[PDB]
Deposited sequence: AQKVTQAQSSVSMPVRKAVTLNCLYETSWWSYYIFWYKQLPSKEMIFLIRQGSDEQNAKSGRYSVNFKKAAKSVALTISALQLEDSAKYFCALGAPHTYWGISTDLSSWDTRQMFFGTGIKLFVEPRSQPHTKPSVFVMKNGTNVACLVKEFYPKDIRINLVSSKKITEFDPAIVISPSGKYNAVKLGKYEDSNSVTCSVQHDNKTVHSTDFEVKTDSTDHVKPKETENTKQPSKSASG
């Protein structure tokens, strides 16, 4: 069993975020895997930390494994923008031959037990407020409002859809409001 009590944590870019995952086990030797599920739902392996190994490290990723406390919390240091995902702490025993139940399974039949995951939001770093430029694009009875605005707090008739706010690669925010209409409030 894996217990990730806290989900949807938020941290800025270039800081370090520690994802706290616990586990319940009856295995003498085991491994804990840290995966990240991308928005494309492509579960990407990040780090492996054995029960009888030193605290694992994979460049940016590190693990603070506490065998007695069963705290194998991951740490990501110097986050960049493309770090937001659903981070899964998974207890498995792949390369383990002694210390599990008396089943004749050859560890290739062993399941990787997952925790419910923690979504990580990589907010952009604090920076001076920026005035956004607005383009009202219309093509075929449809209106799209394009807004360089910090922070994400911005406000913008057959139907009007929820505006989408995204973190631009410029280390700021960009939003688009879609509506079948056919202003600016950021400072």
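Notebook entry, point to check: Which ranges of the deposited chain go unmodelled, in order along the sequence?
Noted result: Counting from residue 1, the stretches without coordinates are 1-2, 150, 160-165, 192-198, 204-239.
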